[PDB]
Each structure stands twice: as C-alpha cells, then as structure tokens.
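Undergrad: Structure in structure tokens, see below.
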Amino acid sequence: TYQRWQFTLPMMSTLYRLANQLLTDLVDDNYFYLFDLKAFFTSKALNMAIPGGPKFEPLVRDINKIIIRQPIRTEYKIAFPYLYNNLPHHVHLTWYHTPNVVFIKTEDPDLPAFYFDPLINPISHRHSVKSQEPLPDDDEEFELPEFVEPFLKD
Amino acid sequence: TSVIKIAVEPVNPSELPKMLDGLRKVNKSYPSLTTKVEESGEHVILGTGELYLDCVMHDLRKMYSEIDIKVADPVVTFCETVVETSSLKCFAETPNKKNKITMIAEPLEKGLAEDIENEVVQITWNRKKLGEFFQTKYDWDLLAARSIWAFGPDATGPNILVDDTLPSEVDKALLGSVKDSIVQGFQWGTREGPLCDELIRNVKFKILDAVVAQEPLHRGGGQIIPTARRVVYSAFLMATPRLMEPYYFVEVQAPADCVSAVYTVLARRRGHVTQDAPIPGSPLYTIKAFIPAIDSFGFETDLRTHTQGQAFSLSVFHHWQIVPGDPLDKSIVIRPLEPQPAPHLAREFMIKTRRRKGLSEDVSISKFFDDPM
Amino acid sequence: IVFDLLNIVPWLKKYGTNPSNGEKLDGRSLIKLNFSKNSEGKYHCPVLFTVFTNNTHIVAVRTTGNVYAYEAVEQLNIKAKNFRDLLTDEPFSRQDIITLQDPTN
C-alpha cells in the first residue's frame, strides 16, 4: 500500500537538505501577525485591506473634540480590531505572540554542535555580593561508600 | 494605574440597560477594569492596555452582552498641575460676606508626590514624625512642617493643604472646627480640577488668610466646603496651570539591523531611548525607551510590522509628564481634525477634553475670582 | 424636568395637564427658582462657580429654590451630613431635592 511511513533521522536531515530551497525557514508565527487566517477574515468582513495582503468584496456593503498626535491606522484596526474599529462583524482575535526564537545555523563542521557562536553576546554575570548559606562545613562528619559515577559517564 | 480609556455607545441606544449590565459584568470579571459614566451620559471604560481593551470588547459584545457596541477612538486621562505659584492672593468670601479664605498655590517638592504614591509617607503619622520625614529628607521648614493639613485628593495623593495664617491660627479654638470644612472643599476641588476636569497633580495650597464668623449656625458647613473649593480653584487658576500626560515605558527585543528602525518608530511617536544594548547570553538586542500614550496606539503593531515580526515590544505605565503646551491660550488656533504641531498640545488637550466630557466652552484665570458687582 | 411658569401658564390654565406628563397638574406646586449671574453673565453654580453647558448635571433643593451643580450638592451634602441650602441657611429635607438634567440617569 506504501501507506504509513517511518524513517531514520539521518535520512530526515538529508531530505531536509535536498528540499532546503522549497522550505521556509520560519519557526515562529510572528511573521503572519496581521497576515493570518484570523486577521484576514477580519479584513474580509470589515472590508479592510493590508499592504501585502488580499482584497475582497464587502460581505454586506464630533469634529471638535478629537485628540490627534499620530493616526489611528488600518493595520491598527486589524491588530486591535475591537477598539479603533467601530461596529465589528466577523472579527477575529489578533495578537498571537510567539516568542522570538533564537536560531543559529550550522555552517562548517568542526564547530562542535554546542559551542558559543560568535553572534551570541558575552554573558557577564554581574551583581552585588553573592550570598551565604549555612553550607555543610567539613570536620564535623561526612563520607560516602563508593559506587557512584555520573549519570552518563561512559 | 488606569490611564488608557475607551468611549462606547450602542448602535441601539434603547438596549442601553443591556450594554450597561455588560459593562458591570466586565467590571466584576476583569479586576483592573474601571467604568465611568461621563458628564454627557456616555459610557467610558478605564483600563491599562490595548489587548486588554480588546478582550474587554470581545467579552462585552459577545459573552456578557449581545449588543452592537460602537467604539470611538481612545484617549488617556491627564492631570492638572502648577509649576509656578500664584502672584496674587486668591480669595473667596462666603455668601454672607463675613468669612473669607485667601489661598495661594505652588508646586510640591518634585519627589514628594511619588513618595506619597509609593506609600512611604502618610498623614497617619503624628505631626512630629510627619515633620521628621519632611525636614530630614527634604530640608523642610519648621513652620509649614507644623502646619501641613491634609493630602489631596485622596489619602495617598500628590497634593497638600498648608496653613500659614499663624496670626489667625491663634484663634485655633475656632479655626479647628472649620479646618475640616476647608479641607473638605480642598479635597473635593483638588479632585475635580478647574482647567479641564482632570486631577490636580503635585500642588500645594497655602492658607494666607482665614477670616471666620464666630456663629456656628451662621457659618454652617455647606458654605465652607464650596468657598474652600473656590479658593483652591482660584489659587490653581492664578497659577499658570499645566497639563500632564503619561510617559509609558517600552522594552524591545530587536536584532542587529532593526534597532534604528525602532528608533524611527519611537521618534515618530515622540519617544526617547534610555537603553540600547545587546542581551547578555543572547544574539538579540534590548531597547528601553519612553513614549507618549496617545501616540502609543498601534505602537507595537506598526513596530513589529516595520521590521517584519523581528521587533517585539512590551509597554507599561511609568509616570506622567508635561506635554509641550499652554491650555488657557486663546491665541492658539486648532484645525478640528488635523493633528497638532508640538507647541500647542495642552491647549488642544484641554479644550477637546472639556468638550468631550461635556463641559462649557471657556475657562478663566479669574473665573472663580469673586464678584464685587 | 424644568420649564417656566410664564411659559407653561396658558397651556396649564386651558388644559388641566401639562406637556411633561399626560396626567393632571396643579399649578401651585411649580415653585420659583433663581439661577446665578456670573462674571460674564453665564449661569454658574452659586457655590461652585463652575460654568453650565448643555451636558452638566443640574441639581437643586426645591425647598431652597437654588440651582447649583450636583458636584456642589453632593460634596457639600454627602461628605458632610448637611442637607441644607448652599447659599442660604435653609436646612432642607433631601427628598425635596430636584434635578433639572442628568444625561446619565
């Protein structure tokens, strides 16, 4: 039937390599903040448009006291589609915030997999005095009977 | 603290009890949400953020009510203040022209209001410990340390009433009974505010004169609250009063090629950056900056849109700050829908705010100046 | 919901009822009131001096006949226990209080 496949991870990395040119490099949903299903159906029903986004028909078809420093914008009426948008219909819930993911690419092999990449910034753990604890001073008593080794040593 | 605001109105004004019920449901369910019923009868909600308010509108319009609820476009609440003291003594003589109070206004010591807010000083202390803190930390003077009366508007609030009628303090066996009445007027006024119906911020009213009428039945209690409010307002108005809006803080995570786009985004929204650094242990950058709030709408939307999801910001309340403007300048012209160039922000703020709340057209530095007519 | 006596006079004299309510009316209980004149001549609160516009709440002691801001009426009458007149000495029963306008009500 050729149904129901399973593979090995080196073959998985090889297929990733061969398809690298038809594969997006996106890990988070912070690209389509305003570009996703929710905000685009919002835009459809509100008859609103986003710069690089689709357009559609409409589903249907005082001056003194306004405080103005910067404009209440259309993408704003899409990102907060309930507030700056009077009379919402079929209006979806934006602001999904995926943590901006840190991803660092492997370029050349030597470079052990877990090594401080140049792009990452120095740690510099810095603050005031460290602290004290009632740490178990020696000369009172302690000692282990010996079998122990780290959980992975071999 | 609740600075962000929304103005709501149903498309059906007759379902208005239902939309009211819904605003009650969200005032119970969202613990930081405040509801106000403004001076023109409008519904307003006081909150703290944009996603916050959007949750509010989703839940009201859908799960706590079923109403088509129009929303206007938002604004932030301001505060009233003075940076200059009254050049003349500002007085109110009681209706029966027998009592009269003369007061002055002045700005407080810059950190005193913030200490009050943080709750490190309180009227609860005795006079001696109150003076202890005042003098030892702000080099305060003995006479006004003995005579600081009460805090306005609220228990932990940015304003003070001070006594300085030491020759007519000697009548204290009479001045005390009207002490409470004059401070009732004081707190009521310092809450309402003459300029644009926004709270007096970091101001201090000094009693330079208090002439009493020794008949308790005559002097009453219902005339010494309003006259005290009136001298509060006359001092505040003979001082050149200034507006204060919030300055929210923003912390940003942005890559190498995006901090300057963030710079343009902020300096577009009248912001300034206190911190620009690499994030220790991360390949990302941290950007700490401060922004005015009526520009802070759509800030994060457009900010992540500018570097395509790479920039990411959080914003919160930090403090209030003067907008560059003068409110009682009738020589300022404003076009009814274009924005304001920076010289005249407080003028538009005050006039548009009084009109939106529903108050009158003009305010005078001698509006409460009593009538010799 | 206020009016003038010199205005609703012929309507009430020729029809026993009025325009505010369809039910019958006695003319006598319509009580005199006087509103303050201020520096410009505006109708401003006697005790509070604040200027009245199309929107602000309107409060009065019908016993006292004075018309002063609801802000004044409350912050003088609620914080202190005095239900008395604001410009006069008249202690009044708070039930006599009337309001000419409150958009939120």
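Labeling convention for the structure tokens: chains A, B, ... as they appear, residues from 1 per chain, ligands from 1 in order of appearance.
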Can you list, as a ChimeraX atom specification, every protein, DNA or RNA residue that comes within 10 Å of region 156-167 of chain B when you count only C-alpha atoms, leaving out same-chain residues fewer than 6 positions away?

TA: /B:81,102-108,111-123,143-150,179,182-183,186-187,190-191,199-211,232

Undergrad: Give as a PyMOL selection string every residue of chain B that touches chain A within 8 Å, counting only C-alpha atoms.

TA: chain B and resi 6+50-51+53-54+57-58+68-75+269+278-284+294-295+297-298+301-302+308-310+312+336-340+348-349+351-353+355-356

Undergrad: With only C-alpha atoms as the counted atoms, please give the residues lying no more than 7 Å from region 50-57 of chain A, apart from itself and same-chain residues fewer than 3 positions off, as a ChimeraX atom specification.

TA: /A:35,44,47,75

Undergrad: Could you save those same residues with C-alpha atoms as a tab-separated table (two decimals), in the first residue's frame?

TA:
chain	number	residue	atom	x	y	z
A	35	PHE	CA	-1.28	38.15	7.73
A	44	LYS	CA	-12.79	40.38	4.69
A	47	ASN	CA	-13.88	45.41	4.14
A	75	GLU	CA	-3.44	47.80	10.39

Undergrad: With distances taken over only C-alpha atoms, which residue among C:76, C:25, C:97, C:69 lies nearest residue 56 (chain C)?

TA: C:69

Undergrad: Using only C-alpha atoms, determine which residues of chain C fall within 7 Å of chain B; present them as a list in words.

TA: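 For chain C, the answer reads residues 39, 47, 48, 49, 51, 52, 53, 55, 56, 72, 75, 76, 82, 84, 86, 87, 103 and 104 of chain C.
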
Undergrad: Taking N, CA and C atoms for each residue, export the selection above as a PDB file, in the first residue's frame.

TA:
ATOM      1  N   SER C  39     -19.556  86.338  36.257  1.00  0.00           N
ATOM      2  CA  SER C  39     -18.706  87.415  35.747  1.00  0.00           C
ATOM      3  C   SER C  39     -19.068  87.794  34.317  1.00  0.00           C
ATOM      4  N   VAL C  47     -22.412  78.161  44.537  1.00  0.00           N
ATOM      5  CA  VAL C  47     -21.388  77.773  45.500  1.00  0.00           C
ATOM      6  C   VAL C  47     -20.122  77.280  44.807  1.00  0.00           C
ATOM      7  N   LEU C  48     -20.236  76.756  43.592  1.00  0.00           N
ATOM      8  CA  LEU C  48     -19.082  76.165  42.932  1.00  0.00           C
ATOM      9  C   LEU C  48     -18.506  77.036  41.822  1.00  0.00           C
ATOM     10  N   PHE C  49     -19.283  77.974  41.285  1.00  0.00           N
ATOM     11  CA  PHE C  49     -18.871  78.926  40.255  1.00  0.00           C
ATOM     12  C   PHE C  49     -18.591  78.272  38.907  1.00  0.00           C
ATOM     13  N   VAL C  51     -19.122  76.620  35.226  1.00  0.00           N
ATOM     14  CA  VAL C  51     -19.992  77.090  34.154  1.00  0.00           C
ATOM     15  C   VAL C  51     -20.870  75.946  33.671  1.00  0.00           C
ATOM     16  N   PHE C  52     -22.139  76.253  33.406  1.00  0.00           N
ATOM     17  CA  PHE C  52     -23.091  75.248  32.951  1.00  0.00           C
ATOM     18  C   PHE C  52     -23.172  75.219  31.429  1.00  0.00           C
ATOM     19  N   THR C  53     -23.238  74.013  30.877  1.00  0.00           N
ATOM     20  CA  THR C  53     -23.333  73.810  29.443  1.00  0.00           C
ATOM     21  C   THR C  53     -24.490  72.867  29.162  1.00  0.00           C
ATOM     22  N   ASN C  55     -24.562  69.845  28.924  1.00  0.00           N
ATOM     23  CA  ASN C  55     -24.394  68.476  29.405  1.00  0.00           C
ATOM     24  C   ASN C  55     -24.388  68.330  30.924  1.00  0.00           C
ATOM     25  N   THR C  56     -23.788  69.268  31.659  1.00  0.00           N
ATOM     26  CA  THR C  56     -23.523  69.049  33.075  1.00  0.00           C
ATOM     27  C   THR C  56     -24.816  68.814  33.851  1.00  0.00           C
ATOM     28  N   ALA C  72     -21.383  70.325  43.660  1.00  0.00           N
ATOM     29  CA  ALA C  72     -21.506  71.086  44.899  1.00  0.00           C
ATOM     30  C   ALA C  72     -22.466  70.405  45.864  1.00  0.00           C
ATOM     31  N   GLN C  75     -20.758  66.938  47.244  1.00  0.00           N
ATOM     32  CA  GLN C  75     -19.545  67.058  48.045  1.00  0.00           C
ATOM     33  C   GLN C  75     -19.732  67.991  49.234  1.00  0.00           C
ATOM     34  N   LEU C  76     -20.829  68.750  49.272  1.00  0.00           N
ATOM     35  CA  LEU C  76     -21.177  69.517  50.461  1.00  0.00           C
ATOM     36  C   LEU C  76     -22.182  68.762  51.325  1.00  0.00           C
ATOM     37  N   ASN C  82     -24.727  67.698  56.053  1.00  0.00           N
ATOM     38  CA  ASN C  82     -25.645  68.813  55.884  1.00  0.00           C
ATOM     39  C   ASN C  82     -26.451  68.670  54.600  1.00  0.00           C
ATOM     40  N   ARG C  84     -28.585  71.053  53.963  1.00  0.00           N
ATOM     41  CA  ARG C  84     -29.101  72.410  53.997  1.00  0.00           C
ATOM     42  C   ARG C  84     -28.841  73.134  52.685  1.00  0.00           C
ATOM     43  N   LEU C  86     -27.167  75.758  50.098  1.00  0.00           N
ATOM     44  CA  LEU C  86     -25.757  76.020  49.828  1.00  0.00           C
ATOM     45  C   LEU C  86     -25.408  77.496  49.977  1.00  0.00           C
ATOM     46  N   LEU C  87     -26.299  78.388  49.536  1.00  0.00           N
ATOM     47  CA  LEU C  87     -26.053  79.820  49.665  1.00  0.00           C
ATOM     48  C   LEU C  87     -26.794  80.409  50.860  1.00  0.00           C
ATOM     49  N   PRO C 103     -27.672  63.523  32.050  1.00  0.00           N
ATOM     50  CA  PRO C 103     -27.671  62.652  30.864  1.00  0.00           C
ATOM     51  C   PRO C 103     -27.529  61.187  31.212  1.00  0.00           C
ATOM     52  N   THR C 104     -26.650  60.856  32.151  1.00  0.00           N
ATOM     53  CA  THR C 104     -26.619  59.527  32.748  1.00  0.00           C
ATOM     54  C   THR C 104     -27.545  59.495  33.963  1.00  0.00           C
TER      55      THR C 104
END

Undergrad: How many Å separate CA of residue 113 (chain A) from CA of residue 25 (chain A)?

TA: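 It comes out at 19.4 Å.
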
Undergrad: List every residue of chain A that DSSP, applied to the backbone, labels as alpha helix (DSSP H), and write the result as a PyMOL selection string.

TA: chain A and resi 9-19+37-46+74-79

Undergrad: In Å, how far is it from CA of residue 78 (chain C) to CA of residue 101 (chain B)?

TA: 22.5 Å

Undergrad: Name all residues at most 9 Å from region 13-20 of chain C (count only C-alpha atoms; drop same-chain ones fewer than 5 positions away) and give them as a list in words.

TA: residues 1, 2, 8, 25, 26 and 27 of chain C

Undergrad: When you draw a straight line from CA of residue 334 (chain B) to CA of residue 346 (chain B), how long is it in Å?

TA: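 Taking CA of residue 334 (chain B) and CA of residue 346 (chain B), their separation equals 11.3 Å.
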
Undergrad: Where in region 5-96 of chain C does DSSP assign strand (DSSP E), given as a list in words?

TA: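 DSSP on the backbone gives strand (DSSP E) at residues 58, 59, 60, 61, 67, 68 and 69 of chain C.
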
Undergrad: Selection from above, C-alpha atoms, as a PDB file, in the first residue's frame, can you write it?

TA:
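Printed below is out-v9.pdb as written:
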ATOM      1  CA  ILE C  58     -28.283  70.173  37.283  1.00  0.00           C
ATOM      2  CA  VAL C  59     -29.181  69.968  40.981  1.00  0.00           C
ATOM      3  CA  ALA C  60     -31.460  71.987  43.256  1.00  0.00           C
ATOM      4  CA  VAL C  61     -33.167  71.974  46.628  1.00  0.00           C
ATOM      5  CA  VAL C  67     -29.888  75.782  41.319  1.00  0.00           C
ATOM      6  CA  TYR C  68     -26.296  74.622  41.877  1.00  0.00           C
ATOM      7  CA  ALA C  69     -24.087  71.907  40.416  1.00  0.00           C
TER       8      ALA C  69
END
